[PDB]
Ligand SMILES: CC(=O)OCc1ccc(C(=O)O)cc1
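What follows is a single chain, given as structure tokens, in the form deposited without 4-[(acetyloxy)methyl]benzoic acid.
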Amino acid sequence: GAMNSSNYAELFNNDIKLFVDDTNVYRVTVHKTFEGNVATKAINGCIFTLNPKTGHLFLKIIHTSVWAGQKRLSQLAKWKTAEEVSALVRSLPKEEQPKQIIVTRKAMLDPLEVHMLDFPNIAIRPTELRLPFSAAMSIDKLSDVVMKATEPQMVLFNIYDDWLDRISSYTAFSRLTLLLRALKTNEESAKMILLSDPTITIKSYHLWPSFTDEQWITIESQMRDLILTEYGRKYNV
């Protein structure tokens, strides 16, 4: 069934699984028309599919041309999401296909269930967690490859950089979620935190800075502070 705090460690066992998040597939700017009406201009977006055990991120990029001449785009976007995940699995060798796909929004379950009728042995599951994956477009290198795309394509990343060399996937996932929660709650402060010290750089083949173990502890604590803070500023506590 659904995934929550009580079965949180299933994510790190040895059954292949993927999270799918569709919060950034259909993105628009809203603006005024010369006639004083309102209209949307779509911008590029992406389907965020992540293996939580390995860190592998299949960033399957949505160029704006896919919306051309289409109606009911919010609904189409959940089906577009479902269609591009299903062809990814189809392409993938059988021993690499996921045994479970966990959607971050319940509206994806039916679109994905229908697109995967051919895979009756892949479990499609919801989750009770409030995962911060929408903040993935606050990672500069991901935002950049999405906005530069001139056609629909898929770029592959490891969202954990090299972290699994030193920490377990449970700990890697917790860092990632704390980073993303921070970026989601206050992007500026979150980003100011990450890049204040110009001696710590982001390798060309990485998304995040090259922190030592001790520097990550400082960083992680600062990100908690921020999340505590913004929570007070938001509720006056």
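Residue positions are given as counts along the sequence shown, with the first one as 1. Under this definition, the rigid core comprises the largest set of C-alpha atoms superposing within 1.5 Å between the forms.
Which of the two stretches, 28-36 versus 184-192, has its Cα atoms farther on average from this form in 9 other deposited structures of this protein when everything is superposed by the rigid core? Greater root mean square C-alpha distance in 9 other deposited structures of this protein: 28-36.
Between 169-177 and 38-46, larger RMS Cα displacement in 9 other deposited structures of this protein after core fit: Per-stretch check in 9 other deposited structures of this protein: the more divergent one is 38-46.
If you take the mean CA temperature factor per stretch, which one wins between 214-222 and 14-22? Averaging CA B-factors over each stretch, the winner is 214-222.
77-85 versus 107-115 - which carries the larger mean C-alpha B factor in the record: Taking the mean C-alpha B-factor of 77-85 and of 107-115, the larger value falls to 107-115.
Specify which of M154, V146, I167, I101 carries the largest Cα B factor in the deposited PDB entry. Going by the entry's C-alpha B-factors, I167 comes out highest.
I'd like to know which of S138, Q97, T150, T127 has the highest C-alpha temperature factor in the PDB entry. Among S138, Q97, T150, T127, the highest C-alpha B-factor in the entry belongs to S138.
Compared with the other modelled residues in the chain, in which third is the CA B-factor of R90? Top third by C-alpha B-factor.
Among the chain's modelled residues, which third holds the C-alpha B-factor of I159? Its C-alpha B-factor, which the entry lists for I159, ranks in the lowest third among residues of this chain.
Considering only modelled residues of the same chain, in which third does the CA B-factor of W208 rank: lowest, middle or highest? Highest third.
Taking the entry's C-alpha B-factors for this chain, is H56 in the lowest, middle or highest third? Its C-alpha B-factor, which the entry lists for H56, ranks in the lowest third among residues of this chain.
State the tercile, meaning the lowest, middle or highest third, of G45 with respect to the CA B-factors recorded for its chain. It falls in the bottom third of the chain.
There is also a form deposited with 4-[(acetyloxy)methyl]benzoic acid bound; it is not shown, and the following applies to it.
Pop 4-[(acetyloxy)methyl]benzoic acid in from its pose in the entry with it bound with a site C-alpha superposition and tell me open or blocked, counting ligand atoms that come within 2.4 Å of any backbone or C-beta atom (3 or more means blocked). Blocked, going by where 4-[(acetyloxy)methyl]benzoic acid lands after superposition on the site C-alphas.
Does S134 make contact with 4-[(acetyloxy)methyl]benzoic acid in the entry with it bound, using a 4.5 Å heavy atom cut-off? No, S134 is distant from the partner.
Flag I122 as yes or no: does it have a non-hydrogen atom within 4.5 angstroms of any non-hydrogen atom of 4-[(acetyloxy)methyl]benzoic acid in the entry with it bound? Although 4-[(acetyloxy)methyl]benzoic acid is absent here, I122 would stay clear of it in the entry with it bound, with no heavy atoms inside 4.5 Å.
How about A149: is it within 4.5 Å of 4-[(acetyloxy)methyl]benzoic acid in the entry with it bound, going by heavy atoms? Looking in the entry with it bound, residue contacts with 4-[(acetyloxy)methyl]benzoic acid do not include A149, since no heavy atom lies within 4.5 Å.
Any chance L109 has a heavy atom within 4.5 Å of 4-[(acetyloxy)methyl]benzoic acid in the entry with it bound? It does not: once 4-[(acetyloxy)methyl]benzoic acid is placed as it appears in the entry with it bound, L109 has no heavy atom within 4.5 Å of it.
Sequence order please: the residues of 6-29 with a heavy atom within 4.5 Å of 4-[(acetyloxy)methyl]benzoic acid in the entry with it bound. The stretch touches the partner through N7, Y8, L11.
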